[PDB]
Amino acid sequence: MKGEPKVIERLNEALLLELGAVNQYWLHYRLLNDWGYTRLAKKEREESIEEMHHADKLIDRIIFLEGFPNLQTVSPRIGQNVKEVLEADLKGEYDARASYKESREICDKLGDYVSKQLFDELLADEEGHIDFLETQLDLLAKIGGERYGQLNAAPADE
Amino acid sequence: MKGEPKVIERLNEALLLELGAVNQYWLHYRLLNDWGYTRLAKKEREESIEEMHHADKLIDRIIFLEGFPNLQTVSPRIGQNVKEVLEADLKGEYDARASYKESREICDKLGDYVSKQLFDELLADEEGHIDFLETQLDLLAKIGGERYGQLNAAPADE
Amino acid sequence: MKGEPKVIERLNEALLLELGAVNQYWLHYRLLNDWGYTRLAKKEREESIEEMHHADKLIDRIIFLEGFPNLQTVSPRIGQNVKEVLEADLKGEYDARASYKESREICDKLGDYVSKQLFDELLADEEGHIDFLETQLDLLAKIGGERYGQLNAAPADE
Amino acid sequence: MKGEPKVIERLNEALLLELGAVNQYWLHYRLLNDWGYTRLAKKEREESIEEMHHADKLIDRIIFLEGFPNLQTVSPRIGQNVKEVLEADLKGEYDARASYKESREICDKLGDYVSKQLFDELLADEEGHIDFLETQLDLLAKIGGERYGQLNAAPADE
Amino acid sequence: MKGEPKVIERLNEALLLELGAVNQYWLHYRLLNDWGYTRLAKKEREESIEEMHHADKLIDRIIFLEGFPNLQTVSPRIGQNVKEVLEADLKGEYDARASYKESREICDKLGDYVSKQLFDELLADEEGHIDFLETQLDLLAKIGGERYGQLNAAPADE
Amino acid sequence: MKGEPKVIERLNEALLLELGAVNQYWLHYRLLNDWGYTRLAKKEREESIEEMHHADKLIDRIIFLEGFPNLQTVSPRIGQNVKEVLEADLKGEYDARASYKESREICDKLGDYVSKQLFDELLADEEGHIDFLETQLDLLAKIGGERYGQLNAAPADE
Amino acid sequence: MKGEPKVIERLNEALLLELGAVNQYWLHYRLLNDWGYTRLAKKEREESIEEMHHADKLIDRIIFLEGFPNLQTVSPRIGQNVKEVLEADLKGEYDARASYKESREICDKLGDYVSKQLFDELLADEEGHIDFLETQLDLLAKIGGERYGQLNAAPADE
Ligand code: HEM
Ligand code: HEM
Ligand code: HEM
Ligand SMILES: [Cl-]
Ligand SMILES: [Cl-]
Ligand SMILES: [Cl-]
Ligand SMILES: [Cl-]
Ligand SMILES: [Cl-]
Ligand SMILES: [Cl-]
Ligand SMILES: [Cl-]
Ligand SMILES: [Cl-]
Ligand SMILES: [Cl-]
Ligand SMILES: [Cl-]
Ligand SMILES: [Cl-]
Ligand SMILES: [Cl-]
Ligand SMILES: [Cl-]
Ligand SMILES: [Cl-]
Ligand SMILES: [Cl-]
Ligand SMILES: [Fe+2]
Ligand SMILES: [Fe+2]
Ligand SMILES: [Fe+2]
Ligand SMILES: [Fe+2]
Ligand SMILES: [Fe+2]
Ligand SMILES: [Fe+2]
Ligand SMILES: [Fe+2]
Ligand SMILES: [Fe+2]
Ligand SMILES: [Fe+2]
Ligand SMILES: [Fe+2]
Ligand SMILES: [Fe+2]
Ligand SMILES: [Fe+2]
Ligand SMILES: [Fe+2]
Ligand SMILES: [Fe+2]
Ligand SMILES: [Fe+2]
Ligand SMILES: [Fe+2]
Ligand SMILES: [Fe+2]
Ligand SMILES: [Fe+2]
Ligand SMILES: [Fe+2]
Ligand SMILES: [Fe+2]
Ligand SMILES: [Fe+2]
Ligand SMILES: [Fe+2]
Ligand SMILES: [Fe+2]
Ligand SMILES: [Fe+2]
Ligand SMILES: [Fe+2]
Ligand SMILES: [Fe+2]
Ligand SMILES: [Fe+2]
Ligand SMILES: [Fe+2]
Ligand SMILES: [Fe+2]
Ligand SMILES: [Fe+2]
Ligand SMILES: [Fe+2]
Ligand SMILES: [Fe+2]
Ligand SMILES: [Fe+2]
Ligand SMILES: [Fe+2]
Ligand SMILES: [Fe+2]
Ligand SMILES: [Mg+2]
Ligand SMILES: [Mg+2]
Ligand SMILES: [Mg+2]
Ligand SMILES: [Mg+2]
Ligand SMILES: [Mg+2]
Ligand SMILES: [Mg+2]
Ligand SMILES: [Mg+2]
Ligand SMILES: [Mg+2]
Ligand SMILES: [Mg+2]
């Protein structure tokens, strides 16, 4: 099903953002683990693997539409503390959300309703991630960064 | 354990090659699947996930040595048939093998024997992948590309 | 919920296409089985039963909207070999996809968003079938029709 | 039970042939595996281990008769393709069969009926191996060497 | 296998460091337990038992090389708080790491590659312990010593 | 419960003897194993681990009494045969028994009845070890050292 | 991966030693069994099968490096009693150890670190066998050859 070039371009823009998030969440997993925040690190690892599945679905759609998937990554936000790490994740999610809103509208306008549906599902997922991250940052604000870190660290015998 | 800058540079060069292989094997998985070679596609997916673990171990070592892991990827070899896909994988493995031979020698010379051991394990893994890919290309040569593809395709009801 | 006549007409047009596909996939199942291509035959049988479920959902929606479901079938594409059978299936899927794109737009324009959603789900399903059939025809092209048939035949003791 | 020197000599001649077959089947296992013919390779490995048991039984009989078992091997037939590998195996089996026919007659003439029985069992085993190998070479002749190789190769994900 | 005197001396130097660590980790287990930091205490006990296994492997190698294992301990670092306890452990690990780097090089130079391999395995283990302890001290720095202690204490009913 | 200095001194004297026995029994385990007396070696290993538990209980009591446990070891008796190994163990047990008899009397005189009870339990344990070792040496005397060694060695396939 | 001729030569020298040990341990198994030393015989059989696995790994590496594995055996040390059998095994292990030390150094010098690693693993294995055999010969020396034989014989009803 030879796809619209403009739809393939939007799918490739999403792929770049998703691969960027895979890399950023994985680096955050390893960084948080080295800092001792092993519980939050595990959540970042789980979120990275979810973004990997998103990237896979975009690659599949691009190939189905007879486009060329461009697997590349623009490297950084890398914080120096747990608040900055969460804020960097959140910035990325807002950026993706804005991209996918524009993309679903382009796909609708061009009559590719199945690609539209893919962007709608990504959009719902990103708002879920935003909801989660905003809550974590609200908790950090309320209890303080040191108790937030303690809450998200394991004792030494685990 | 603040590491030698030259060792961290070699670890980052390996990370770039490993991330490149993750991307290339994943694209090959999706491409082969779309062509109908579902059994070889599954093997490529399994090899991509192995390279992901390698990348993870390099990121961990870099952070332990107080370096900055550079997660970026130089994008392509993408073949148009199953022989070219296998040859592109094989080129990548030879390139990595040469890199890791040089890197283990640098780590030894600088007295970082644990980083040396990491490169030695990567080197053994790459020679295993080379062994596998050379055998697949030898089989393809012997039985022909069409029977090799048939062997590596599933029937329609699977 | 007395429905728009134009929506009921689009639902009945879909029902005709779905019932046509039920019949065509079932005939293909029996024809391929008689030719010895028992594995592909089983896939065609499975696809026929899926189209039966689609037809059922269209009948249910038509009755809910107080329309009369018209269960009739315009009889044929019946190939003489496995490539022609697959191509006939594929033509039917492209025809259905075009119908459902137009229908979802009509339902949206008339404010029947639940009927729109039914057509959107049918559209996604048809693109899935197109993806599958295009891959099978690509495999057949690459390995040849005789190896494709062999791959999709069972030995005599099964 | 101090044995006839001529019987011990025949048992040692058999031991040399059996050890030669152990080595040849094992080399064929590794060679076929490297070529990608993993299913035939497994059969060769199984046949090598059977010849190992034969060698063990000959060593045991030689020691019981108070002789000295001579464990040595005259090294090669090593083919360059699957037909030549099978033909080399078959030549070895015909050579062993002829040896064991002569040996059972010598043991009978000298009144060592239990050693005769050992050669009779080896002879039956060798005719079984000949039956198998002749059938494989007949199949290879009928379907061609490339389909025979394909039949005896595994897909990449196994 | 009568060993090089210089290798046996290096093995005995390692044994002294390992036995020192057994004693220091065990004292830390009992001290931390008395302070109420029962979770960190358990980790120290587990680390002491690991060092016991290391000491055992060194004794075995020394005896194999026909040397005399010298089981003695130079007694202390004993902190007055949890930060000082962790820092004392870490000092010991850095001291051992430096010893084992020098020792593996001596064994290599003298051609005792199996003793070299033992020191390489100890070296990898010590860098693992360093990684762990540096992370714990980083967490303590980030959340404060009182929350770090609380995290590593059990409630009264456990 | 700030303890009597004289009681803490007696507890530290016991700790030194117990740690000495840990080391001596462990060296005997490894030495006997290298000589081939694997069954007696296992018993020595089990006895070493029991002395480790004794040392742990002394460390705990010393800390409870607000003393400083002194973990150090005066290194040797190391025999050249199985009789000398057993005699060295036995000498150590008699030395400990005499120490603990004096210590329980000091603790009683000073009114530390719980420390007295600890020494009473150690004393009973040591008389048990003496009973065992005297019986082993009596058996060795009666059947001879070579049969005693044979009895306490495993066959080669274990 | 076309290998260095000098590395392939070292691998073939190892293969000859390993195949020699397979044969010698198997003959020792059968000889010891005929003498009644069934427990030691079983250990020799187990050691022969381990050497078979070593030979297999060398054949695999040689083929990977595009060399020709030479499966041949220089026939003998065959003792007349259990002490001589053990001493013959031990001589063979010392000979192999010396070969593998030289070979790992050659592979390192030529930059074949994976072949180096294979020789390092063989070297560790051989020192393990030396450790075992030296202990058995020490036990035999201490308890006498007749009790050593008795220890390694089964009663008649087993
Ligand atoms: C093109 C980029 C990538 C794709 C398409 C991708 C895809 C996937 C998928 C689909 C899985 C699920 C595995 C399963 O079925 O359980 C997975 C797992 C995983 N990914 Fe990736 N990924 C990508 C990049 C990365 C990167 C850059 C890393 C860096 C370390 C990584 C690390 C992992 C790990 C550790 C797993 C766990 C697999 C296991 O548990 O064995 N991935 N990936
Ligand atoms: C302060 C000195 C020591 C203390 C307090 C101590 C304490 C202990 C304790 C309580 C255990 C029981 C482990 C369990 O819960 O199963 C143990 C086990 C053990 N000990 Fe020690 N020990 C000491 C010295 C040594 C030494 C010098 C060695 C020399 C090799 C050693 C070797 C072992 C071994 C091998 C184990 C077995 C643990 C396992 O199976 O994983 N110990 N020790
Ligand atoms: C005197 C020559 C030989 C004798 C008497 C012999 C005997 C045997 C026997 C009786 C077994 C059966 C093991 C079992 O009980 O499952 C066996 C297994 C085996 N043999 Fe040999 N063999 C000989 C030569 C070789 C050679 C030259 C190789 C080359 C690689 C080899 C490779 C193997 C392997 C890999 C096994 C499998 C054992 C396992 O799965 O752990 N053998 N051999
Ligand atoms: Cl799709
Ligand atoms: Cl932080
Ligand atoms: Cl590490
Ligand atoms: Cl192709
Ligand atoms: Cl409905
Ligand atoms: Cl056909
Ligand atoms: Cl017999
Ligand atoms: Cl071939
Ligand atoms: Cl074919
Ligand atoms: Cl060792
Ligand atoms: Cl504290
Ligand atoms: Cl107490
Ligand atoms: Cl003795
Ligand atoms: Cl290899
Ligand atoms: Cl004997
Ligand atoms: Fe989740
Ligand atoms: Fe999640
Ligand atoms: Fe999620
Ligand atoms: Fe995403
Ligand atoms: Fe996201
Ligand atoms: Fe794998
Ligand atoms: Fe793999
Ligand atoms: Fe792999
Ligand atoms: Fe890799
Ligand atoms: Fe690789
Ligand atoms: Fe289905
Ligand atoms: Fe289906
Ligand atoms: Fe379907
Ligand atoms: Fe349909
Ligand atoms: Fe359809
Ligand atoms: Fe069989
Ligand atoms: Fe067989
Ligand atoms: Fe057979
Ligand atoms: Fe045979
Ligand atoms: Fe045969
Ligand atoms: Fe641990
Ligand atoms: Fe640990
Ligand atoms: Fe540990
Ligand atoms: Fe250690
Ligand atoms: Fe350590
Ligand atoms: Fe006990
Ligand atoms: Fe005991
Ligand atoms: Fe006891
Ligand atoms: Fe004691
Ligand atoms: Fe005792
Ligand atoms: Fe073993
Ligand atoms: Fe063994
Ligand atoms: Fe072994
Ligand atoms: Fe060996
Ligand atoms: Fe060996
Ligand atoms: Mg529209
Ligand atoms: Mg070196
Ligand atoms: Mg050096
Ligand atoms: Mg509207
Ligand atoms: Mg007659
Ligand atoms: Mg050297
Ligand atoms: Mg009293
Ligand atoms: Mg009183
Ligand atoms: Mg070098």
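Below, each value reflects all heavy atoms present in this structure, side chains not excepted, and no hydrogens, waters or symmetry copies. Numbers restart at 1 for each chain; the letters A, B, ... are given by sequence-line order, proteins then strands.
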Got more than 12 heavy atoms from elsewhere within 6.0 Å of NZ, B:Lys57?
-> yes

From CG (B:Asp60) to CZ (A:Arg30), nearest 0.5 Å | 4.0 Å

Side chain from CB out, backbone as N, CA, C, O: work out which of these in B:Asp56 comes under 4.5 Å of a heavy atom of chain A, or both, or neither.
-> both

A:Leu71 backbone acceptor or donor facing B:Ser75 side chain under 3.5 Å = yes

Just one of B:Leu19, B:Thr73, B:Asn23 clears the side chain to side chain contact (heavy atoms under 4.5 Å, CB included) bar with A:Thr73, so which one?
-> B:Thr73

Enter the distance from A:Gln72:CD to B:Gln72:CD here, rounded to the nearest 0.5 Å.
-> 11.0 Å

Can you tell if the side chain of B:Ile59 reaches within under 4.5 Å of the side chain of A:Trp26, non-hydrogen atoms only?
-> yes

Rounded to the nearest 0.5 Å, the CD1 atom of B:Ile62 sits from the CG atom of A:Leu27 at a distance of 10.0 Å

